[PDB]
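Virtual Cβ from ideal backbone geometry, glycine too; neighbours counted across all protein chains shown. What follows is calculated from the coordinates using simple rules that are stated; it is not laboratory data.
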Amino acid sequence: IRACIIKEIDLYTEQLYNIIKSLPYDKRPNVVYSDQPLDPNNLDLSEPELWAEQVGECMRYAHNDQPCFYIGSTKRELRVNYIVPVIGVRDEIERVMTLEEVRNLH
Amino acid sequence: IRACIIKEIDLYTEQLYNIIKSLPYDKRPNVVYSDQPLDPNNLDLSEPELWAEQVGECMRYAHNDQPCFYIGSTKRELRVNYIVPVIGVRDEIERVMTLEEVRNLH
Amino acid sequence: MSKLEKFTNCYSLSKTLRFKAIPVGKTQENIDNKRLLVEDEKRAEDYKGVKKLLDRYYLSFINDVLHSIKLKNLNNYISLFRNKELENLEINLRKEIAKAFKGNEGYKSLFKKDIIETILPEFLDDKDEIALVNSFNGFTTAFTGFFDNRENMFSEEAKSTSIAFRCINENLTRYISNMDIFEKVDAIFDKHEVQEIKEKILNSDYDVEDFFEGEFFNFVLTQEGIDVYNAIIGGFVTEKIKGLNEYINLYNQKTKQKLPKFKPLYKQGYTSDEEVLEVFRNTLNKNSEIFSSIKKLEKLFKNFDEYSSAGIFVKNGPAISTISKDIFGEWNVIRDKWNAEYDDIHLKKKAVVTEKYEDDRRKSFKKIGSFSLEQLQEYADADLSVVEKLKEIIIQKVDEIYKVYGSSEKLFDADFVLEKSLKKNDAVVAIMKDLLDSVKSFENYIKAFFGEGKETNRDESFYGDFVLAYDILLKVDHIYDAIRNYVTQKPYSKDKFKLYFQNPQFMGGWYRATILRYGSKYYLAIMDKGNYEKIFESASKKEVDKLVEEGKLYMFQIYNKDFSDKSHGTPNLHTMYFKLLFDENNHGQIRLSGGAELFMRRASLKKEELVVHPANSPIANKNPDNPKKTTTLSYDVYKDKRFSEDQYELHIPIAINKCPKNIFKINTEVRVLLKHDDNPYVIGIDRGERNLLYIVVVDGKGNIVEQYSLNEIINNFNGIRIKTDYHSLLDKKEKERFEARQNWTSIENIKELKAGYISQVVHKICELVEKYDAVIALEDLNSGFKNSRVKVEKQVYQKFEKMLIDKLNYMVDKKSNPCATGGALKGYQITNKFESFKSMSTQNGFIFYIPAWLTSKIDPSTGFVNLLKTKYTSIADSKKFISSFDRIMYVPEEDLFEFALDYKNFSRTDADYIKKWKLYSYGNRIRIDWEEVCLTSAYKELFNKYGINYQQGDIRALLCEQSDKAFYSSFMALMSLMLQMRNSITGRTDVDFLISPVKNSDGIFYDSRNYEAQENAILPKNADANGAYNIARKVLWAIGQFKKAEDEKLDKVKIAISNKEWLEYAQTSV
RNA sequence: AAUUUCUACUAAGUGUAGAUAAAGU
Ligand SMILES: [Mg+2]
Ligand SMILES: [Mg+2]
């Protein structure tokens, strides 16, 4: 179950990368970021570690071509590996957007 | 094992779609096509159903946003769902290219 | 006959061009096969070891020379201390100390080659570290800076970091106060009691009272003397021996009386998340030294009333404003009470309040050392006790500290493990930053109660405990700085080490180093122990490449992205400087002075961390003002590719204008040229609230030649032109800072973005200067304030002024021909070299520093300025206000209200010149949560709502009969917002117009909204354009003053324009 | 998002525009 969960988490973040790569920077969503795989089907809020910020650049790791995302500005150097779009500004997160509500942005 | 295999087969074909969508039509590889998931890690040749032809257009299914590929010309209406790039022209297939030998094409 | 053409070749200047050296051929494996990069890294790592050894030897020498010293002026100090007969004596004492230091027979060796060659390899006598001190044999120059800084302690300049200042200014005061406290706290003692055991266990030879004698201070100069004295003070285990302070605590606990305790004398970056977190846990846990200091200060400030209020003090400065804010309502209440009590003595029965009088009052105030608590109690009101409010606010701060501790129980327990890295984790850094911020806010707050120190009747019963606790607490400053500098740290690093190549005398001239060149490639050839061009005897490329293959040569290639073959745009400035080093048009302007330096930076980013933009994939563009919204490159874009490899940096010094000829004084030549000129332009710069910087160029008669915002920097290239809105970038960064958990990194990002912005504005202002031959006009940052909405703060504006001075020392146009006036070879020198942030005042070559008083809230067409005080205080004050107008009537033709005043009848209105203004209710004003208000309709509404006719005329008498308390409040409110010129909606909506209530000679009120919808406008478009316009008109007044004087009295003409003269100019120029 | 180094970039495709006095403390 752990192998399939990681595969789903990575396919979802690869699709998110391929989507978000083309939106203009002023349209990027507010997301919840981390370094362990993030599972939108089970992700529940009220955890005191989820902070909704906005995606920046979208680049590829040079050694294994894994997508990584810079939260906020690139100059902030807050590079994460797994994100998930949310409707939130702070610790008050409302709901989790889907792979088509992010395409409607532009 | 079947659930993870299908997930890998689909993540691979989604990456292949996202890659092949941007190459000019004269650079597209020669591929082996089918409707059941294709697994490059185990795919063995000499099966009398593998015919290497060239990818055409790359569109999305309107009902569930699943990538589909038109083998040969679009006007031929040979639309498949799972492909795999190969170095071959006929029933004499040499080897299976990778997700970076297809990016080197252009 | 232009002005600038005379200010070339004035004085000399020096720069260092930094480059990158690329090993050519097989130089890198010829270097790795001789290991010429491990000796030097080992030496760079042994530098710190030899630094510590030199520090230890310095400490030995200090404790040696501080043994053979006995002063003859110390008894005079103690006799006269317990305003000018003492400072001469204390500087005599410090001079005596410094002469005792510099008078030894060994001080000569302390900062030359002898201390590495002979002394330190003998003072140590350890075969392990004699290896260290012998490795740096012949490399004494590597310490030149260290020595030049490690001698400022043996001096007497009394700066905060020096041995003399520590021993005298900070120690002798405490020694004298300790003499006092011992004279007071006595006869509770016996030889049978703890007195004899103190002597026996810690001294064993002479009495303990000898350490409170006068002329025995020449015993606590040595660190061991300080140690034994602080031992008998506090207690020193050999059997835990109690000290004098806790004997006092034992007495004050036996019976209840707050008896003073003695004061002890003074004593003369992290690299891993675990180290940082354990330092945090150690210094700031709930049983540390700092938390105990906080508990002690809490018990003190909650026992704050049993200390005599006449003994406490509060320092004079920002602390007074904050104390008034927290106690007496808001910012300025203590200041105005002091000004009232100063007028009641130094002001006659007349209303003759002059700007000179106000300035002398301000100076007398700012010179007051500190305020007692009984004084601040006299300034208070009935039933308000100032000590109770201070105690309650300090207890609130302490309880907030305790609350943050209770919110942060988790970072102290031993089970805690770090999931993510510290720089990427922001919950734990938020916790640490909140704790450090609260604790340092408390520390900076209670810093006030140390009221100047030098004063007579200090309540030592309180100050003993206070300093005992505070001298442990102020370590939070270093902890805060360390943790912050660790968190705000780039993932790469620029740590390098100089390469010598087994040669102490290496590269120091043009040594074994030469600069070759071939075609359009410049090479650095270093001999060890086709056709080129030597720098001009030629060579043969074949045999030099043969030397490179052999090993007899170390050819590097000097390179930056302008020497590339795919570079087509304009080269950098320093690239042009370098290329000119070897040019023909360069005669002696830029020459090669000194020796270069070849450093070496190791790869800081592991190639497993390298992140790339994959090729043939459309990249999004980050510039909203860019037409092209994507980019597809045929190659890869690595992020920070420069820091993922080893790079041989090369620092090359250059001396511009080494042999000047047009030597003269720049300021006086500027004054003479501005005098003899018939139409000198002036560029006024002002810090706005909606614009970062705003430019207004004004000719020699007050006519606006240009006025535009510096919001967007415009880069020209290839004929194309693309703009960048730095205001929007700054707003984005501030929004990100509002979203982030902690804002240590956001603040540094904002600072560096602002630095880049001012680095663009520098070029903007220079190309503005070399277009009109204009003269710049900047706000004098020493005196003035900007009301917290101005984006560019004072620190970054000071950095901007410094950057402008450093640029205008040698102004270059990159696009211009080099040998042409204004090019790199013949740049303009229209400013003197920067000295200090305090000497940036009243002139600098082409730069005039101007006070920003009465520049934005002034009508630019009439000179009007609201000098009234329209704040409601009571019925009587508002009645007198209303009764002070010459006439108040309703003009029915215009449907307005005229308020014919006369500035003679009003207080503090002496600067004005045209004292008889007539101002109407024209237009609409935006009050402040904002609300738009049409003035005449508001007046009619108020009048009708309180039953008042106004068509009569001169309704002043009809108006001061209202008995209601709120009528005059509303009236003075809208009378205050009628005189509000700068109106702006708070919620960022760009409406920053500037209306005036008076009409000019032609009879039309100035309204900026009539000039914002225009290009080629004659009056300011908004309040910030008004600020720049007035900052330019002040320099125009100074130019007129120059025109009034003769060609020898020009140097003495004062140009610090006073409020009287400024208002006179602004009101008659029209 | 490439840089002697900094800022904003991608700016016409291995770069653009401006600035840059390094070392040491
Ligand atoms: Mg350039
Ligand atoms: Mg950058």
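The number of residues in the stretch A:79-92 that are surrounded by 19 or more Cβ atoms within 10 Å (Cβ to Cβ) and either at the interface with chain C (Cβ under 8 Å from one of its Cβ atoms) or not aromatic (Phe, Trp, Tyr) (or both) comes to 7.
Could you tell me whether C:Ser538 is away from every other protein chain (no Cβ under 14 Å), away from RNA strand D (no atom under 16 Å from the Cβ) and of a type outside the set (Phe, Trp, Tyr)?
Numbers: away from every other protein chain (no Cβ under 14 Å): yes; away from RNA strand D (no atom under 16 Å from the Cβ): yes; of a type outside the set (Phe, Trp, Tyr): yes.
Considered against the rule, which asks whether it is away from every other protein chain (no Cβ under 14 Å), away from RNA strand D (no atom under 16 Å from the Cβ) and of a type outside the set (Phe, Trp, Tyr), C:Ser538 comes out as yes.
Considering the stretch C:194-208 alone, what residues qualify as being assigned to a helix (DSSP H, G or I) and at positive phi?
If we filter the stretch C:194-208 for residues that are assigned to a helix (DSSP H, G or I), which is where we start, we get C:194-203.
Selection gives nothing.
Just a yes or no: is a residue in the stretch C:213-224 assigned to a helix (DSSP H, G or I) and within 21 Å of C:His67 (Cα to Cα)? Looking through the stretch C:213-224, at least one residue is assigned to a helix (DSSP H, G or I) and within 21 Å of C:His67 (Cα to Cα).
May I ask you to verify whether C:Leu259 is exposed (fewer than 15 other Cβ atoms within 10 Å of the Cβ), closer than 26 Å to C:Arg174 by Cα and aliphatic (A, V, I, L, M)? No. Against the test of being surrounded by fewer than 20 Cβ atoms within 10 Å (Cβ to Cβ), part of a strand (DSSP E or B) and within 13 Å of another protein chain (Cβ to nearest Cβ), the options A:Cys58, A:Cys68 yield a single qualifying residue, A:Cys68.
For the stretch C:629-729, give me every one of the strands (runs of 3 or more DSSP E) that falls completely inside it and has 1 or more residues that are basic (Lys, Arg) and in contact with a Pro (Cβ under 7 Å, 6 or more places away or on another chain).
Working: elements: C:648-656, C:682-686, C:694-698, C:704-709, C:712-717, C:720-725.
Because the criterion is at least 1 residues that are basic (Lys, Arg) and in contact with a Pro (Cβ under 7 Å, 6 or more places away or on another chain), no strands (runs of 3 or more DSSP E) in the stretch C:629-729 meet it.
The residues in the stretch C:793-825 that are closer than 16 Å to C:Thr575 by Cα and of a type in the set (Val, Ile, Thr) can be counted, and the count is 1.
If the condition is being more than 8 Å from RNA strand D (Cβ to nearest atom) and of a type in the set (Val, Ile, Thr), then the stretch C:563-590 contributes only C:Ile590. Among the residues making up the stretch C:779-822, a single one is under 27 Å from C:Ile656 (Cβ atoms), away from RNA strand D (no atom under 12 Å from the Cβ), over 15 Å from the mean Cα position of the chain (by Cα) and surrounded by 19 or more Cβ atoms within 10 Å (Cβ to Cβ): C:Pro818.
Report yes if C:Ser520 is over 24 Å from C:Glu41 (Cβ atoms), within 16 Å of RNA strand D (Cβ to nearest atom) and of a type outside the set (D, E, K, R), otherwise no. Full working, then the answer.
Values: over 24 Å from C:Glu41 (Cβ atoms): yes; within 16 Å of RNA strand D (Cβ to nearest atom): yes; of a type outside the set (D, E, K, R): yes.
Against the criterion (over 24 Å from C:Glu41 (Cβ atoms), within 16 Å of RNA strand D (Cβ to nearest atom) and of a type outside the set (D, E, K, R)), C:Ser520 qualifies.
So which residues in the stretch C:206-241 are touching a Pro at 6+ places or on another chain (Cβ under 9 Å) and exposed (fewer than 13 other Cβ atoms within 10 Å of the Cβ), if there are any at all? None; the set is empty.
Residue check: is C:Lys447 within 14 Å of chain A (Cβ to nearest Cβ) and not acidic (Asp, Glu)? Talk me through it step by step, then tell me what you get.
Working: within 14 Å of chain A (Cβ to nearest Cβ): no; not acidic (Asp, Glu): yes.
Considered against the rule, which asks whether it is within 14 Å of chain A (Cβ to nearest Cβ) and not acidic (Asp, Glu), C:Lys447 comes out as no.
When the stretch C:707-746 is limited to residues that are more than 27 Å from C:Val682 (Cα to Cα) and in contact with a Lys or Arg (Cβ under 7 Å, 6 or more places away or on another chain), the one that is nearest to RNA strand D (Cβ to nearest atom) turns out to be C:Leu730.
Restricted to the stretch A:17-26, and to residues that are within 15 Å of RNA strand D (Cβ to nearest atom) and over 10 Å from the mean Cα position of the chain (by Cα), which residue is surrounded by the fewest Cβ atoms within 10 Å (Cβ to Cβ)? Checked the stretch A:17-26; the qualifying residue surrounded by the fewest Cβ atoms within 10 Å (Cβ to Cβ) is A:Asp26.
Can we say C:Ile654 is surrounded by 16 or more Cβ atoms within 10 Å (Cβ to Cβ) and within 11 Å of RNA strand D (Cβ to nearest atom)?
Details: surrounded by 16 or more Cβ atoms within 10 Å (Cβ to Cβ): yes; within 11 Å of RNA strand D (Cβ to nearest atom): yes.
So C:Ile654 passes the test.
Considering each of C:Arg82, C:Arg18, C:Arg94 in turn, give the residue that is under 29 Å from C:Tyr500 (Cβ atoms) and not aromatic (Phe, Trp, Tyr). Checking each option against the conditions leaves just C:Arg18. Scanning the stretch C:498-507 for any residue that is farther than 18 Å from C:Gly25 by Cα, more than 16 Å from ligand 1 (Cβ to nearest atom) and aliphatic (A, V, I, L, M) turns up at least one such residue.
Looking for something more than 6 Å from RNA strand D (Cβ to nearest atom), surrounded by 13 or more Cβ atoms within 10 Å (Cβ to Cβ) and within 14 Å of chain A (Cβ to nearest Cβ) - is there at least one such residue anywhere in the stretch C:621-628? Talk me through it step by step, then tell me what you get.
From the stretch C:621-628, those more than 6 Å from RNA strand D (Cβ to nearest atom) are C:624-625, C:627; that's our starting set.
This time we only want the ones that are surrounded by 13 or more Cβ atoms within 10 Å (Cβ to Cβ), so: C:624.
Filter once more, so that each one left must be within 14 Å of chain A (Cβ to nearest Cβ): C:624.
Yes, some residue in the stretch C:621-628 is more than 6 Å from RNA strand D (Cβ to nearest atom), surrounded by 13 or more Cβ atoms within 10 Å (Cβ to Cβ) and within 14 Å of chain A (Cβ to nearest Cβ).
For beta carbons closer than 9 Å, sequence separation of 6+ or different chains, a first residue in the stretch C:553-572 that is under 24 Å from C:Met527 (Cβ atoms) and away from chain A (no Cβ under 14 Å) and a second that is near ligand 1 (Cβ under 9 Å from one of its atoms) and assigned to a loop (DSSP other than H, G, I, E, B), the qualifying pairs are C:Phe563/C:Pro571. Does any residue of the stretch C:170-192 turn out to be at positive phi, crowded, with 16+ Cβ neighbours inside 10 Å and among the small types (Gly, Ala, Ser)? No, because not a single residue in the stretch C:170-192 is at positive phi, crowded, with 16+ Cβ neighbours inside 10 Å and among the small types (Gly, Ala, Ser).
Given the residues C:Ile327, C:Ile401, which is the only one that is within 33 Å of the chain's Cα centre (by Cα) and closer than 27 Å to C:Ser308 by Cα? Step through it out loud before you land on a result.
Details: C:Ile401 fails: closer than 27 Å to C:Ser308 by Cα.
After applying the criteria, what remains is C:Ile327.
Would you say C:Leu244 is buried (at least 16 other Cβ atoms within 10 Å of the Cβ) and within 20 Å of C:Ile78 (Cα to Cα)? No. Would you pick out the residues in the stretch C:7-22 that are more than 16 Å from ligand 1 (Cβ to nearest atom) and in contact with a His (Cβ under 6 Å, 6 or more places away or on another chain)? If the condition is that a residue be more than 16 Å from ligand 1 (Cβ to nearest atom) and in contact with a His (Cβ under 6 Å, 6 or more places away or on another chain), then C:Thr16, C:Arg18 are the ones that fit. Find all pairs meeting these conditions: Cβ atoms under 8 angstrom apart; at least six residues apart or on different chains; first residue within the stretch C:493-506 and within 14 Å of another protein chain (Cβ to nearest Cβ) and on the phi < 0 side of the Ramachandran plot; second residue near RNA strand D (Cβ under 10 Å from one of its atoms) and of a type outside the set (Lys, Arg). Listed by first residue and then by second, the contacts come to C:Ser493/C:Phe643. A count restricted to the stretch C:731-788 and to residues that are among the small types (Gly, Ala, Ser), within 16 Å of ligand 1 (Cβ to nearest atom) and more than 14 Å from chain A (Cβ to nearest Cβ) stands at 1.
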